[PDB]
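Source file: coords_20.cif (mmCIF, C-alpha atoms)
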```cif
data_work
#
loop_
_atom_site.group_PDB
_atom_site.id
_atom_site.type_symbol
_atom_site.label_atom_id
_atom_site.label_comp_id
_atom_site.auth_asym_id
_atom_site.auth_seq_id
_atom_site.Cartn_x
_atom_site.Cartn_y
_atom_site.Cartn_z
ATOM 1 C CA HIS H 109 -54.882 31.003 -20.379
ATOM 2 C CA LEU H 110 -52.601 28.179 -19.226
ATOM 3 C CA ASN H 111 -51.435 27.577 -22.806
ATOM 4 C CA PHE H 112 -50.579 31.275 -23.134
ATOM 5 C CA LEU H 113 -48.743 31.043 -19.806
ATOM 6 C CA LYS H 114 -46.804 27.993 -21.009
ATOM 7 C CA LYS H 115 -45.811 29.627 -24.293
ATOM 8 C CA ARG H 116 -44.681 32.836 -22.570
ATOM 9 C CA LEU H 117 -42.637 30.779 -20.101
ATOM 10 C CA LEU H 118 -41.116 28.838 -23.010
ATOM 11 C CA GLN H 119 -40.135 32.086 -24.730
ATOM 12 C CA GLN H 120 -38.661 33.471 -21.497
ATOM 13 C CA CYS H 121 -36.618 30.331 -20.814
ATOM 14 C CA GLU H 122 -35.408 30.141 -24.423
ATOM 15 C CA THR H 123 -34.341 33.804 -24.260
ATOM 16 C CA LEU H 124 -32.775 33.359 -20.801
ATOM 17 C CA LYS H 125 -28.975 33.544 -20.643
ATOM 18 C CA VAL H 126 -26.614 31.434 -18.530
ATOM 19 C CA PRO H 127 -22.810 31.376 -18.106
ATOM 20 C CA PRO H 128 -21.195 28.398 -19.865
ATOM 21 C CA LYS H 129 -21.534 25.834 -17.065
ATOM 22 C CA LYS H 130 -22.247 22.197 -17.928
ATOM 23 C CA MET H 131 -25.456 20.912 -16.310
ATOM 24 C CA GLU H 132 -26.362 17.280 -16.972
ATOM 25 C CA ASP H 133 -29.795 15.738 -17.528
ATOM 26 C CA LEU H 134 -32.163 16.333 -14.621
ATOM 27 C CA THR H 135 -33.484 12.785 -14.235
ATOM 28 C CA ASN H 136 -30.258 10.748 -14.318
ATOM 29 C CA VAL H 137 -27.972 12.783 -12.026
ATOM 30 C CA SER H 138 -29.430 11.288 -8.838
ATOM 31 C CA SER H 139 -28.652 7.756 -10.021
ATOM 32 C CA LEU H 140 -25.103 8.856 -10.829
ATOM 33 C CA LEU H 141 -24.688 10.095 -7.256
ATOM 34 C CA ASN H 142 -25.602 6.673 -5.892
ATOM 35 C CA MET H 143 -23.050 4.991 -8.145
ATOM 36 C CA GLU H 144 -20.497 7.658 -7.263
ATOM 37 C CA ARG H 145 -21.195 7.093 -3.571
ATOM 38 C CA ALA H 146 -20.684 3.354 -3.994
ATOM 39 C CA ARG H 147 -17.452 4.056 -5.918
ATOM 40 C CA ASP H 148 -16.114 6.120 -2.990
ATOM 41 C CA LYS H 149 -17.130 3.410 -0.537
ATOM 42 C CA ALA H 150 -15.295 0.815 -2.607
ATOM 43 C CA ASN H 151 -12.332 3.167 -2.903
ATOM 44 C CA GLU H 152 -12.385 3.775 0.843
ATOM 45 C CA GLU H 153 -12.511 0.032 1.461
ATOM 46 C CA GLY H 154 -9.551 -0.498 -0.834
ATOM 47 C CA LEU H 155 -7.763 2.418 0.795
ATOM 48 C CA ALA H 156 -8.314 0.825 4.196
ATOM 49 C CA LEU H 157 -7.020 -2.500 2.903
ATOM 50 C CA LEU H 158 -3.973 -0.756 1.471
ATOM 51 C CA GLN H 159 -3.333 1.017 4.764
ATOM 52 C CA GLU H 160 -3.877 -2.276 6.578
ATOM 53 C CA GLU H 161 -1.211 -3.901 4.420
ATOM 54 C CA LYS J 315 -0.014 7.813 -3.624
ATOM 55 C CA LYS J 316 -0.870 4.718 -1.589
ATOM 56 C CA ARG J 317 -0.012 2.608 -4.640
ATOM 57 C CA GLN J 318 3.408 4.222 -4.851
ATOM 58 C CA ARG J 319 3.736 3.651 -1.097
ATOM 59 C CA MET J 320 3.000 -0.002 -1.877
ATOM 60 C CA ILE J 321 5.860 0.090 -4.371
ATOM 61 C CA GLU J 322 8.478 1.421 -1.955
ATOM 62 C CA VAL J 323 7.368 -0.672 1.021
ATOM 63 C CA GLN J 324 7.384 -3.869 -1.047
ATOM 64 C CA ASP J 325 10.777 -2.956 -2.503
ATOM 65 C CA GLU J 326 12.198 -2.380 0.980
ATOM 66 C CA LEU J 327 10.724 -5.658 2.217
ATOM 67 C CA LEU J 328 12.117 -7.681 -0.690
ATOM 68 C CA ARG J 329 15.514 -6.022 -0.285
ATOM 69 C CA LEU J 330 15.711 -6.656 3.461
ATOM 70 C CA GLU J 331 14.371 -10.225 3.272
ATOM 71 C CA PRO J 332 17.600 -11.829 1.953
ATOM 72 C CA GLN J 333 19.770 -9.680 4.228
ATOM 73 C CA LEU J 334 18.709 -11.661 7.308
ATOM 74 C CA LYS J 335 19.821 -15.021 5.937
ATOM 75 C CA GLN J 336 23.524 -14.446 5.295
ATOM 76 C CA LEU J 337 23.950 -12.674 8.635
ATOM 77 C CA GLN J 338 22.163 -15.500 10.452
ATOM 78 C CA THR J 339 24.253 -18.220 8.825
ATOM 79 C CA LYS J 340 27.461 -16.240 9.384
ATOM 80 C CA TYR J 341 26.621 -15.819 13.069
ATOM 81 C CA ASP J 342 25.810 -19.520 13.391
ATOM 82 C CA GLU J 343 28.969 -20.683 11.620
ATOM 83 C CA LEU J 344 31.227 -18.309 13.560
ATOM 84 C CA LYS J 345 29.686 -19.404 16.869
ATOM 85 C CA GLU J 346 30.207 -23.045 15.898
ATOM 86 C CA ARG J 347 33.785 -22.256 14.863
ATOM 87 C CA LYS J 348 34.455 -20.533 18.191
ATOM 88 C CA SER J 349 33.069 -23.443 20.206
ATOM 89 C CA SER J 350 34.981 -25.979 18.113
ATOM 90 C CA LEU J 351 38.295 -24.128 18.343
ATOM 91 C CA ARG J 352 37.938 -23.601 22.094
ATOM 92 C CA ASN J 353 37.263 -27.318 22.518
ATOM 93 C CA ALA J 354 40.192 -28.212 20.253
ATOM 94 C CA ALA J 355 42.538 -25.931 22.198
ATOM 95 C CA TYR J 356 41.402 -27.611 25.409
ATOM 96 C CA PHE J 357 42.043 -31.096 24.014
ATOM 97 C CA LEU J 358 45.426 -30.235 22.507
ATOM 98 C CA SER J 359 46.599 -28.671 25.775
ATOM 99 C CA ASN J 360 45.305 -31.645 27.766
ATOM 100 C CA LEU J 361 46.970 -34.198 25.473
ATOM 101 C CA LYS J 362 50.214 -32.218 25.596
ATOM 102 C CA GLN J 363 50.004 -32.393 29.393
ATOM 103 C CA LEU J 364 49.392 -36.154 29.183
ATOM 104 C CA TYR J 365 52.418 -36.559 26.910
ATOM 105 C CA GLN J 366 54.656 -34.495 29.190
#
```
For this file, write the structure as structure tokens.
Amino acid sequence: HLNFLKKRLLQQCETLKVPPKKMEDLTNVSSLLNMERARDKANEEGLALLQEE
Amino acid sequence: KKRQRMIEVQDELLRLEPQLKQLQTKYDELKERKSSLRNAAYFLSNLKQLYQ
């Protein structure tokens, strides 16, 4: 029964339609955020330094 | 935009930096000239009085 459920869900998700919006791999995105956050922090730091100057 | 701001502020600083020096030396030399010429006028008048 669970195999039939899985195959019907696979068919439904394959048939499902979405507007053309890019959506990156589920596992990695979180890591990217962390890096992005750090980037902003660094940028902010540099910005502060620039303003300080 | 902050990097451009860097560009204009550094340009203004490097332009204004030399401007102080010539004005300072001109002020100093003119003040020295004034003091020297006032002294010299005093001495020439005093020596003329001595001669008379």
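Proximity to chain H at a cut-off of 10 Å picks out residues 316, 317, 319, 320 and 323 of chain J on chain J, counting all atoms listed in the file.
Atom CA of residue 315 of chain J lies 14.1 Å from atom CA of residue 157 of chain H.
When atom CA of residue 119 of chain H is paired with atom CA of residue 132 of chain H, their separation reads 21.7 Å.
Taking atom CA of residue 156 of chain H and atom CA of residue 141 of chain H as the two end points, the separation is 22.0 Å.
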Around all the atoms of segment 329-341 of chain J listed in the file, with 4 Å of room on each side, what axis-aligned box do you get, giving centre and edge lengths in Å to one decimal, as lines of an AutoDock Vina configuration file?
```
center_x = 20.9
center_y = -12.1
center_z = 6.4
size_x = 21.1
size_y = 20.2
size_z = 21.4
```
